[PDB]
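Undergrad: I am sharing coords_37.pdb, which consists of PDB, C-alpha atoms:
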```
ATOM      1  CA  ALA A  44       0.000   0.000   0.000
ATOM      2  CA  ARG A  45       1.661   3.218  -1.198
ATOM      3  CA  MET A  46       1.617   5.997   1.374
ATOM      4  CA  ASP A  47       2.564   9.666   1.528
ATOM      5  CA  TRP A  48       3.489  11.497   4.713
ATOM      6  CA  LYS A  49       2.980  15.266   4.670
ATOM      7  CA  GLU A  50       3.033  17.773   7.509
ATOM      8  CA  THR A  51       0.753  20.776   7.881
ATOM      9  CA  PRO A  52       1.091  23.454  10.544
ATOM     10  CA  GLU A  53      -1.829  21.728  12.279
ATOM     11  CA  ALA A  54      -1.102  18.028  11.725
ATOM     12  CA  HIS A  55       0.793  15.197  10.073
ATOM     13  CA  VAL A  56      -1.259  13.812   7.206
ATOM     14  CA  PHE A  57      -0.906  10.307   5.796
ATOM     15  CA  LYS A  58      -2.314   9.131   2.450
ATOM     16  CA  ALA A  59      -2.636   5.540   1.230
ATOM     17  CA  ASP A  60      -3.653   4.128  -2.139
ATOM     18  CA  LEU A  61      -6.189   1.397  -1.382
ATOM     19  CA  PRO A  62      -8.138   0.873  -4.595
ATOM     20  CA  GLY A  63     -10.955  -1.652  -4.323
ATOM     21  CA  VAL A  64     -10.987  -1.701  -0.526
ATOM     22  CA  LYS A  65     -14.188  -1.090   1.425
ATOM     23  CA  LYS A  66     -13.926   0.717   4.770
ATOM     24  CA  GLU A  67     -14.920  -2.560   6.451
ATOM     25  CA  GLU A  68     -11.661  -4.115   5.269
ATOM     26  CA  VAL A  69      -9.373  -1.357   6.538
ATOM     27  CA  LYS A  70      -8.230  -0.819  10.116
ATOM     28  CA  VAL A  71      -6.609   2.342  11.479
ATOM     29  CA  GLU A  72      -4.993   2.158  14.910
ATOM     30  CA  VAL A  73      -2.347   3.472  17.271
ATOM     31  CA  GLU A  74      -0.200   0.774  18.883
ATOM     32  CA  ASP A  75       2.322   1.081  21.710
ATOM     33  CA  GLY A  76       0.940   4.553  22.349
ATOM     34  CA  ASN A  77       2.593   6.224  19.367
ATOM     35  CA  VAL A  78       2.692   3.905  16.357
ATOM     36  CA  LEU A  79       0.140   4.492  13.602
ATOM     37  CA  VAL A  80      -0.923   1.168  12.096
ATOM     38  CA  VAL A  81      -2.810   1.018   8.803
ATOM     39  CA  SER A  82      -3.771  -2.513   7.785
ATOM     40  CA  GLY A  83      -6.424  -4.500   5.982
ATOM     41  CA  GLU A  84      -6.981  -6.832   3.059
ATOM     42  CA  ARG A  85      -7.548  -6.387  -0.660
ATOM     43  CA  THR A  86      -9.839  -9.371  -1.154
ATOM     44  CA  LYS A  87      -9.197 -11.539  -4.203
ATOM     45  CA  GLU A  88     -12.300 -12.042  -6.344
ATOM     46  CA  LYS A  89     -11.722 -15.764  -6.947
ATOM     47  CA  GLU A  90     -15.039 -16.305  -8.768
ATOM     48  CA  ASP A  91     -15.907 -19.362 -10.883
ATOM     49  CA  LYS A  92     -14.117 -21.656 -13.348
ATOM     50  CA  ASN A  93     -16.433 -20.539 -16.143
ATOM     51  CA  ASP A  94     -14.242 -17.441 -16.239
ATOM     52  CA  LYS A  95     -11.004 -17.015 -18.174
ATOM     53  CA  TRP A  96      -8.115 -14.692 -17.271
ATOM     54  CA  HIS A  97      -6.233 -12.959 -20.076
ATOM     55  CA  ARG A  98      -4.268 -10.568 -17.890
ATOM     56  CA  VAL A  99      -3.618 -10.145 -14.182
ATOM     57  CA  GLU A 100      -1.535  -7.267 -12.822
ATOM     58  CA  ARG A 101      -3.527  -6.152  -9.823
ATOM     59  CA  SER A 102      -2.415  -7.409  -6.420
ATOM     60  CA  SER A 103      -4.553  -8.752  -3.589
ATOM     61  CA  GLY A 104      -4.076  -9.913  -0.027
ATOM     62  CA  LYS A 105      -3.018  -8.336   3.246
ATOM     63  CA  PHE A 106      -1.248  -4.999   3.663
ATOM     64  CA  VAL A 107       0.390  -3.446   6.732
ATOM     65  CA  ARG A 108       1.816   0.040   7.253
ATOM     66  CA  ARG A 109       3.394   1.569  10.345
ATOM     67  CA  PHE A 110       4.564   5.110  11.115
ATOM     68  CA  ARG A 111       5.936   6.332  14.425
ATOM     69  CA  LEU A 112       4.015   9.402  15.597
ATOM     70  CA  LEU A 113       5.354  11.979  18.059
ATOM     71  CA  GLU A 114       5.411  11.105  21.769
ATOM     72  CA  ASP A 115       3.185  14.197  22.006
ATOM     73  CA  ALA A 116       0.521  13.801  19.321
ATOM     74  CA  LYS A 117      -3.248  14.096  19.654
ATOM     75  CA  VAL A 118      -3.601  10.295  19.617
ATOM     76  CA  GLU A 119      -7.262  10.680  20.621
ATOM     77  CA  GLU A 120      -7.873  13.146  17.789
ATOM     78  CA  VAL A 121      -6.676  11.073  14.829
ATOM     79  CA  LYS A 122      -9.184  11.017  11.977
ATOM     80  CA  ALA A 123      -9.344   8.570   9.088
ATOM     81  CA  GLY A 124     -11.206   9.090   5.841
ATOM     82  CA  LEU A 125     -11.571   6.826   2.816
ATOM     83  CA  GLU A 126     -12.649   8.090  -0.593
ATOM     84  CA  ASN A 127     -11.943   7.165  -4.213
ATOM     85  CA  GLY A 128      -9.518   4.427  -3.226
ATOM     86  CA  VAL A 129      -7.416   6.798  -1.121
ATOM     87  CA  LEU A 130      -7.162   6.633   2.669
ATOM     88  CA  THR A 131      -6.338   9.794   4.613
ATOM     89  CA  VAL A 132      -5.241   9.852   8.240
ATOM     90  CA  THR A 133      -4.960  13.153  10.098
ATOM     91  CA  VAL A 134      -2.794  13.168  13.206
ATOM     92  CA  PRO A 135      -3.226  16.518  15.034
ATOM     93  CA  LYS A 136      -0.054  18.106  16.403
TER      94      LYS A 136
ATOM     95  CA  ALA B  44      -2.596   1.550 -14.102
ATOM     96  CA  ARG B  45      -2.260  -2.104 -13.118
ATOM     97  CA  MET B  46      -5.047  -3.871 -15.013
ATOM     98  CA  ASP B  47      -6.851  -7.204 -15.099
ATOM     99  CA  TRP B  48      -8.763  -8.681 -17.996
ATOM    100  CA  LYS B  49     -11.324 -11.378 -17.315
ATOM    101  CA  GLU B  50     -13.547 -13.099 -19.844
ATOM    102  CA  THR B  51     -16.771 -14.381 -18.350
ATOM    103  CA  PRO B  52     -19.104 -16.096 -20.825
ATOM    104  CA  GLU B  53     -21.258 -12.941 -20.869
ATOM    105  CA  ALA B  54     -18.609 -10.246 -21.356
ATOM    106  CA  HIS B  55     -15.020  -9.019 -21.133
ATOM    107  CA  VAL B  56     -14.327  -7.285 -17.811
ATOM    108  CA  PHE B  57     -11.316  -5.008 -17.335
ATOM    109  CA  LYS B  58     -10.198  -3.607 -13.995
ATOM    110  CA  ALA B  59      -7.745  -0.785 -13.445
ATOM    111  CA  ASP B  60      -6.349   0.465 -10.174
ATOM    112  CA  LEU B  61      -6.638   4.223 -10.447
ATOM    113  CA  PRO B  62      -6.685   5.381  -6.813
ATOM    114  CA  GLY B  63      -7.555   9.031  -6.227
ATOM    115  CA  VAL B  64      -8.396   9.600  -9.879
ATOM    116  CA  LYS B  65     -11.441  11.573 -11.009
ATOM    117  CA  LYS B  66     -13.452  10.634 -14.102
ATOM    118  CA  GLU B  67     -12.430  13.913 -15.766
ATOM    119  CA  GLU B  68      -8.881  12.532 -15.657
ATOM    120  CA  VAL B  69      -9.521   9.080 -17.162
ATOM    121  CA  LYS B  70     -10.559   8.139 -20.671
ATOM    122  CA  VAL B  71     -12.029   4.926 -22.079
ATOM    123  CA  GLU B  72     -12.228   4.824 -25.865
ATOM    124  CA  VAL B  73     -12.576   2.248 -28.631
ATOM    125  CA  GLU B  74     -10.387   2.328 -31.739
ATOM    126  CA  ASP B  75     -10.532   0.521 -35.059
ATOM    127  CA  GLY B  76     -13.549  -1.477 -33.917
ATOM    128  CA  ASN B  77     -11.728  -3.875 -31.585
ATOM    129  CA  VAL B  78      -9.205  -1.932 -29.489
ATOM    130  CA  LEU B  79     -10.082  -0.874 -25.962
ATOM    131  CA  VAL B  80      -8.031   2.116 -24.874
ATOM    132  CA  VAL B  81      -7.561   3.337 -21.311
ATOM    133  CA  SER B  82      -5.575   6.499 -20.592
ATOM    134  CA  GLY B  83      -5.358   9.417 -18.197
ATOM    135  CA  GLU B  84      -3.327  11.318 -15.621
ATOM    136  CA  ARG B  85      -4.034  11.875 -11.924
ATOM    137  CA  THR B  86      -4.210  15.620 -11.291
ATOM    138  CA  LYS B  87      -1.996  17.459  -8.836
ATOM    139  CA  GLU B  88      -3.550  17.444  -5.387
ATOM    140  CA  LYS B  89      -4.531  21.089  -4.965
ATOM    141  CA  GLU B  90      -3.520  20.605  -1.342
ATOM    142  CA  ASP B  91      -1.940  23.220   0.911
ATOM    143  CA  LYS B  92       0.865  24.850  -1.061
ATOM    144  CA  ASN B  93       3.741  25.049   1.483
ATOM    145  CA  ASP B  94       3.174  21.686   3.176
ATOM    146  CA  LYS B  95       6.204  19.683   4.233
ATOM    147  CA  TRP B  96       6.650  16.412   2.350
ATOM    148  CA  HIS B  97       8.208  13.844   4.699
ATOM    149  CA  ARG B  98       7.624  10.854   2.433
ATOM    150  CA  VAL B  99       6.111  10.473  -1.041
ATOM    151  CA  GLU B 100       5.508   7.040  -2.531
ATOM    152  CA  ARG B 101       2.275   7.729  -4.395
ATOM    153  CA  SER B 102       3.694   9.130  -7.609
ATOM    154  CA  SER B 103       1.371   8.661 -10.593
ATOM    155  CA  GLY B 104       1.639  10.107 -14.096
ATOM    156  CA  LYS B 105       0.318   9.998 -17.651
ATOM    157  CA  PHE B 106      -0.338   6.608 -19.287
ATOM    158  CA  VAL B 107      -2.136   4.857 -22.157
ATOM    159  CA  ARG B 108      -3.136   1.196 -22.454
ATOM    160  CA  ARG B 109      -4.656  -0.842 -25.272
ATOM    161  CA  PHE B 110      -6.192  -4.313 -25.567
ATOM    162  CA  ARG B 111      -7.221  -6.214 -28.676
ATOM    163  CA  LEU B 112     -10.774  -7.446 -28.228
ATOM    164  CA  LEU B 113     -11.591 -10.856 -29.692
ATOM    165  CA  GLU B 114     -14.608  -9.365 -31.466
ATOM    166  CA  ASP B 115     -15.634  -5.891 -32.609
ATOM    167  CA  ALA B 116     -17.460  -4.311 -29.689
ATOM    168  CA  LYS B 117     -20.853  -2.604 -29.806
ATOM    169  CA  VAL B 118     -19.592   0.690 -28.406
ATOM    170  CA  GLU B 119     -23.047   1.732 -27.186
ATOM    171  CA  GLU B 120     -23.150  -1.346 -24.962
ATOM    172  CA  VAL B 121     -19.765  -0.802 -23.306
ATOM    173  CA  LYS B 122     -20.148   0.244 -19.648
ATOM    174  CA  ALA B 123     -17.464   2.067 -17.640
ATOM    175  CA  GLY B 124     -17.622   2.908 -13.956
ATOM    176  CA  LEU B 125     -15.205   4.413 -11.474
ATOM    177  CA  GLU B 126     -15.513   3.463  -7.809
ATOM    178  CA  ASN B 127     -13.201   3.204  -4.791
ATOM    179  CA  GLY B 128     -10.210   3.893  -7.014
ATOM    180  CA  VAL B 129     -11.066   1.054  -9.389
ATOM    181  CA  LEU B 130     -12.030   1.610 -13.015
ATOM    182  CA  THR B 131     -14.219  -1.106 -14.498
ATOM    183  CA  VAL B 132     -14.894  -1.556 -18.198
ATOM    184  CA  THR B 133     -17.440  -4.191 -19.198
ATOM    185  CA  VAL B 134     -17.673  -5.236 -22.854
ATOM    186  CA  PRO B 135     -20.760  -7.350 -23.716
ATOM    187  CA  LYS B 136     -20.037 -10.251 -26.054
TER     188      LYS B 136
END
```
Turn this file's structure into structure tokens for me.
TA:
Amino acid sequence: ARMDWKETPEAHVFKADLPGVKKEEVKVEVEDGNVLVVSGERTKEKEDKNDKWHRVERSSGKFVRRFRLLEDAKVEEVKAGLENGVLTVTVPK
Amino acid sequence: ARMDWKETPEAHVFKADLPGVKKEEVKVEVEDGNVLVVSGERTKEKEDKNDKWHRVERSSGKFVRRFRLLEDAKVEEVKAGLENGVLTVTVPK
């Protein structure tokens, strides 16, 4: 899962490309008090044998991403939005 | 634009991971009767000019892709939808 890490005067913002992932398959947490953990699964659409695959380039499966936040970050004020296959996490400073 | 091409008995289904892309930035055309063409370019995020970029992995650009259909497609029957970062092009056989 490709992620960007930008910083605004107000907060550190994280972005993650998660095409084809429903919000029920993504988990956003804070472990050990200051470690942002973005994880989930990009479910494989196995389907039936009637089908035929001519090309397969898209990946599927589990993904895990961890960033170490500041020992003094609004851990209780972290927001997480998901739209158009892009996840956005806002960690207030 | 990682893409998959599946051939169910009913139609040809193409998938393209285009996270954070808006329909005004993607284009699905048909050339010479049997050539599906997918192209586009994710726009610059009109996000806070001045932000600090700690890490940038998501780095998309222009691209064009073409597939040779097994049979001339009835262009008025071709459906294309964009959702959760995934472009889907269905071609009825």
Undergrad: Kindly resolve the ChimeraX specification (/A :<10) & /B on the present coordinates and return the residues as JSON, numbers by chain.
TA: {"B": [44, 45, 46, 47, 48, 49, 50, 51, 52, 53, 54, 55, 56, 57, 58, 59, 60, 61, 62, 63, 64, 65, 91, 92, 93, 94, 95, 96, 97, 98, 99, 100, 101, 102, 125, 126, 127, 128, 129, 130]}
Undergrad: On this structure, the PyMOL selection byres ((chain A and resi 105-113) around 6) would catch which residues? List them as a list in words, sorted by chain and number.
TA: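 Those residues are residues 77, 78, 79, 80, 81, 82, 83, 84, 104, 114, 115 and 116 of chain A.
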Undergrad: Computed after least-squares fitting of chain A to chain B on all C-alpha atoms in order, what is the RMSD in Å?
TA: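 After superposition, the RMSD is 1.6 Å.
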Undergrad: When you draw a straight line from atom CA of residue A:71 to atom CA of residue A:133, how long is it in Å?
TA: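 Between atom CA of residue A:71 and atom CA of residue A:133 the gap works out to 11.0 Å.
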Undergrad: Using Å and a single decimal, report how far atom CA of residue A:73 sits from atom CA of residue B:87.
TA: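 Between atom CA of residue B:87 and atom CA of residue A:73 the gap is 29.6 Å.
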Undergrad: Report the distance between atom CA of residue A:85 and atom CA of residue B:134 in Å, rounded to one decimal place.
TA: 24.4 Å
Undergrad: Just say which residues the PyMOL selection byres ((chain B and resi 122) around 7) picks in this file, as a count of residues only.
TA: 7
Undergrad: For stretch 72-83 of chain A, I'd like the enclosing box, axis-aligned and padded by 8 Å on every side, reported as lines of an AutoDock Vina configuration file with centre and edge lengths in Å to one decimal.
TA:
```
center_x = -1.9
center_y = 0.9
center_z = 14.2
size_x = 25.1
size_y = 26.7
size_z = 32.4
```
